[PDB]
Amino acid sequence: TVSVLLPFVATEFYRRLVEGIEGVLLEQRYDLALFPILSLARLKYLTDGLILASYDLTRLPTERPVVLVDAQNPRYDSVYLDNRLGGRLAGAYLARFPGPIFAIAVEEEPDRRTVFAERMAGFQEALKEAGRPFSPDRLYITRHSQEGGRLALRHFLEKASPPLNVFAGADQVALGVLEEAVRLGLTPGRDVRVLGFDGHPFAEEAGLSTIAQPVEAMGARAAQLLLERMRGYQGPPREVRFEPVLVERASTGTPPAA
């Protein structure tokens, strides 16, 4: 009858995630019960299955089938993205441009979660392998907002003059780097080249290059697994891994050739 999914922050990532689930579940005549969450405790209910987003464990109490999305667990069907890859797609990509490479790391209190830890690890590995190793003195830590991105570009600008490369780490932050750049100088090649993460819809109109995540498909896949399980499927905890892809736009341009 009804399926309940547990999200939190109310970001574009969750809007796309649920659009992906709704698209699927509503085709099979199931209703979706959105349960934004802040840690608590409840053992209810009147739901058939549960879809848990981005956040993992405390081994849940319900008898209902549970499928994790954007998370991994040995005991539950889990759909997730290879964030380390993509961090690499970003590093190896930016490594093809002139000027120092900077990165923005999102630091949100709710990390108990390493999607950013993974992105940053692959970023460093790719940069290293390309001869342009990264350094913490070119890193900036902030919140997931446009203001953080603006604060960051401002930070990088006192360390280097254009041209310079920035790995926002998130499209929202990338919008700020983009915005603050414009509030001053060119965005494609002069000032900074901006590379976001998340491939959000708003990224196309902004001309933002980014490492795109197939968030809807991730939700849709999460829904399908749930159905299979709600429809009697038995077997050990399954797993499905998605891959991000680089999408080049104006905020970045062409490397180009030597």
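Position 1 is the first residue in the sequence shown; the rest follow in order.
- The modelled chain is continuous from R183 to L184, since every residue of the deposited sequence in that stretch has coordinates.
- Where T58 is followed by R59 in the displayed chain, the model omits 4 to 9 of the deposited residues that sit between the two.
- Mean CA temperature factor is higher for 123-131 when stretches 165-173 and 123-131 are set side by side in the entry.
- 26-34 and 222-230 differ in mean CA B-factor, and the higher of the two is recorded for 26-34.
- Per the PDB entry, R113 shows the highest C-alpha temperature factor of the residues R143, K159, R113, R88.
- Between the residues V69, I211, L46, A217, it is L46 that shows the highest Cα B-factor in the PDB record.
- In this PDB entry, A203 carries a Cα temperature factor that places it within the middle third of its chain's modelled residues.
- Ranked within its chain, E109 lands in the highest third, by CA B factor from the PDB record.
- Among the modelled residues of the chain, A250 sits in the lowest third by CA temperature factor in this PDB entry.
- In the PDB entry, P136 places in the middle third of its chain by CA B-factor.
- For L195, the recorded CA B-factor ranks within the lowest third of the chain. Only modelled residues enter the ranking.
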